[PDB]
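Worksheet: the structure to be examined is printed underneath.
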Number of protein chains: 2
Amino acid sequence: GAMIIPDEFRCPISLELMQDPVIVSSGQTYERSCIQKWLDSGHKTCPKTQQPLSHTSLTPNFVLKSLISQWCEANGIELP
Amino acid sequence: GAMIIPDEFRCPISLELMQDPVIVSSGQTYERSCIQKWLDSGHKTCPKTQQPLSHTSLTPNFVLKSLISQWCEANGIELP
C-alpha cells in the first residue's frame, strides 16, 4: 500500500497520527492530551461543532479503536 | 478486497447491517431498534459494560459513519 493514511485515524487539530484518541459527549474525537488542555482551560463547550455541553458521557473509545487495529494489521504497522 | 463487511459495522447483537446506529454513554454500539426494545423492557443499563445509566448524551454517529462511507465507496455500493 504505502499511501496516505485515512483522515479518520488522524485528529483534525493533531493533523498527525494520534496516540490516545477519545470521543467527547458531542461525539467528536479528540486526543487525550488535547481534551485535558480543554478541561484545564475550563471550557464547557464544543468548538468543533459550536454547541454547549450540558452533560457528560463515559464514552472513551470503541469501534474507532477496533477499526484502527484492523487497518494497522492490514498494513502490518504497530499502533501508536 | 473487502471480502467481508467489518464486524464493527454489523451490530454486535443482531450481527447485521444497521440503518440507524447510536452509541450509549458507555460508548457501546447499538441499533436504534434494539435500544427502543431495551428501553421498552424498562432497562436503562449497559449490559455489555455492566453499568447503569444516570444521564444521556447526543452521540448517534460520527467517525464510525465516516469510516462506513469510505468502506462503501471502495465497494461502490450505497450505504445500508
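As shown in the C-alpha cells, the chain order sets the letters A, B, ...; within each chain, residues go from 1, and ligands are also counted from 1 in the order they appear.
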Each chain B residue no farther than 10 Å from chain A, nearest pair in Å, only C-alpha atoms, as a Markdown table:
| residue | atom | partner | partner_atom | distance |
| --- | --- | --- | --- | --- |
| B:6 | CA | A:67 | CA | 8.3 |
| B:7 | CA | A:67 | CA | 9.4 |
| B:8 | CA | A:63 | CA | 6.0 |
| B:9 | CA | A:63 | CA | 8.4 |
| B:23 | CA | A:59 | CA | 8.3 |
| B:24 | CA | A:59 | CA | 7.5 |
| B:25 | CA | A:57 | CA | 5.0 |
| B:26 | CA | A:59 | CA | 4.9 |
| B:27 | CA | A:59 | CA | 4.1 |
| B:28 | CA | A:62 | CA | 6.9 |
| B:29 | CA | A:63 | CA | 7.7 |
| B:53 | CA | A:57 | CA | 9.9 |
| B:54 | CA | A:57 | CA | 10.0 |
| B:55 | CA | A:55 | CA | 7.6 |
| B:56 | CA | A:55 | CA | 7.4 |
| B:57 | CA | A:25 | CA | 6.1 |
| B:58 | CA | A:26 | CA | 5.9 |
| B:59 | CA | A:27 | CA | 4.9 |
| B:60 | CA | A:27 | CA | 7.7 |
| B:61 | CA | A:27 | CA | 7.0 |
| B:62 | CA | A:27 | CA | 6.2 |
| B:63 | CA | A:8 | CA | 6.4 |
| B:64 | CA | A:64 | CA | 6.4 |
| B:66 | CA | A:8 | CA | 7.4 |
| B:67 | CA | A:8 | CA | 7.1 |
| B:70 | CA | A:6 | CA | 9.3 |
Could you pull out all residues of chain A with a DSSP call of helix (DSSP H, G or I) and give them as a ChimeraX atom specification?
/A:7-9,32-41,63-75
Now that the selection is made, can you save its residues with C-alpha atoms as a CSV table (one decimal), in the first residue's frame?
chain,number,residue,atom,x,y,z
A,7,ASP,CA,-8.2,11.2,7.9
A,8,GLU,CA,-10.4,9.3,10.4
A,9,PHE,CA,-7.2,7.9,12.0
A,32,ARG,CA,-6.4,12.6,25.3
A,33,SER,CA,-3.8,15.3,25.7
A,34,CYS,CA,-5.9,17.8,23.8
A,35,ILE,CA,-9.1,17.2,25.9
A,36,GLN,CA,-7.0,17.6,29.1
A,37,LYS,CA,-6.0,21.1,28.0
A,38,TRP,CA,-9.6,21.8,27.1
A,39,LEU,CA,-10.8,20.7,30.6
A,40,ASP,CA,-7.9,22.6,32.2
A,41,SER,CA,-8.9,25.8,30.4
A,63,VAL,CA,-15.4,1.0,17.2
A,64,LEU,CA,-12.9,3.5,16.1
A,65,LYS,CA,-10.2,1.8,18.1
A,66,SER,CA,-11.2,-1.6,16.6
A,67,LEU,CA,-11.2,-0.3,13.1
A,68,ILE,CA,-7.8,1.3,13.6
A,69,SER,CA,-6.4,-2.1,14.7
A,70,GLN,CA,-7.8,-3.8,11.6
A,71,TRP,CA,-6.3,-1.1,9.4
A,72,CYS,CA,-2.9,-1.4,11.3
A,73,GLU,CA,-3.0,-5.2,10.9
A,74,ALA,CA,-3.6,-4.9,7.2
A,75,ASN,CA,-0.6,-2.6,6.8
Chain B least-squares fit onto chain A, all C-alpha atoms in order: RMSD in Å?
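Result of the CA superposition: 1.1 Å.
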Just asking: which residues within range 8-79 of chain B are strand (DSSP E) according to DSSP, as a short mmCIF file (atom, residue, chain, number, x, y, z; two decimals) with C-alpha atoms, in the first residue's frame?
data_model
loop_
_atom_site.label_atom_id
_atom_site.label_comp_id
_atom_site.auth_asym_id
_atom_site.auth_seq_id
_atom_site.Cartn_x
_atom_site.Cartn_y
_atom_site.Cartn_z
CA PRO B 21 -26.68 3.42 14.61
CA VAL B 22 -26.39 5.02 18.05
CA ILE B 23 -23.87 4.99 20.91
CA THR B 29 -22.74 0.44 19.67
CA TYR B 30 -26.43 -0.48 19.40
CA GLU B 31 -29.13 -0.41 16.73
CA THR B 45 -28.37 -0.01 31.85
CA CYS B 46 -25.43 -1.11 29.72
CA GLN B 51 -23.17 -0.39 34.49
CA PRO B 52 -26.34 1.77 34.93
#
Distance in Å - CA of residue 50 in chain A versus CA of residue 10 in chain A
20.4 Å
Give the answer as one residue: which of B:1, B:48, B:80, B:42 has the shortest atom-to-atom distance to residue 13 in chain B, using only C-alpha atoms?
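Closest residue, counting only C-alpha atoms: B:48.
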CA of residue 20 in chain A to CA of residue 2 in chain A, distance in Å rounded to a single decimal:
23.2 Å
